[PDB]
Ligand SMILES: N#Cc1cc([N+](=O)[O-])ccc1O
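First comes one chain, alone, set out as structure tokens in the form solved without the named molecule.
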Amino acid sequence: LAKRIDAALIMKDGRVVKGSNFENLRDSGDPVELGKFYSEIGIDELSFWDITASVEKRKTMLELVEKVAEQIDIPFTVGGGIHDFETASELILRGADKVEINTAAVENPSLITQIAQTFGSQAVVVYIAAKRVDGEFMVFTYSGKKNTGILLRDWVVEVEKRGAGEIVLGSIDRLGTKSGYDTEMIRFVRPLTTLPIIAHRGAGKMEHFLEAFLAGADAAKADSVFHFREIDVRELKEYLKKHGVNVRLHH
């Protein structure tokens, strides 16, 4: 399949955290307007991550999903504190194409299977945050605070066995950096799974996306480099096509 370019948006209380630099938008911090714009200029899929406070979170995420499904015609994923099947279900039914889970999946891998059995594997995205510790890739939960002691190698295989549809591979060793995606980590995971691999963390320039795809990623996700206009999405896709990457340009 064509390589995918994904834009991630962090949100809180229905607002894009730290907004964006697109002066042309009516509200540069509105996730619906920003997402529709990305879909117009060439983003392939959107992912929304919510960090709203606990008492308003459930209704806030449902309203978000409802609004973006109305206005956007590319697939989108929703995530952020999704801990059980009922929460995932009502978000998909309200409009999301996919849900993203991480900590709750590590603590109860059967949750992956639970969601897939009603919504299909393609609705389940598992985010794996990994980091080198004493020479081994380890899986971390709770926003990177807990070394689970689980080897990246083992968790990737279990995630696929449990029925996930795709994996986001986030390198904690690259967060906040602009030196490139963790291509060693991507190459390490690639032989272990047939699932689509979405690269995350470290992107700083268009060449980093080419590197990630050469490493075996099926998609590359980024956020601030797009929102603050360090990389133009249309230029990025033209650059990748130029150098041989296959990218795309109900009763």
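Position 1 is the first residue in the sequence shown; the rest follow in order.
The protein also exists as the form solved in complex with the named molecule; that form is not presented, and the subsequent description refers to it.
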query: Interface residue in the deposited complex among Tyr127, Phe137, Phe85, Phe119, criterion: non-hydrogen atom within 4.5 angstroms of the named molecule; finding: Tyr127
query: Partner-contacting position among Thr177, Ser110, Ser143, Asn147 - heavy atom within 4.5 Å of the named molecule in the deposited complex; finding: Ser143
query: Listed range touching the named molecule, judged in the deposited complex by heavy atoms within 4.5 Å, from 85-93, 68-76, 154-162, 100-108; finding: 100-108
query: Site check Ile10, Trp49 and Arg201: each within 4.5 Å of the named molecule in the deposited complex by heavy atom; finding: yes
query: Contact test in the deposited complex: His208 vs the named molecule, heavy atoms, 4.5 Å; finding: no
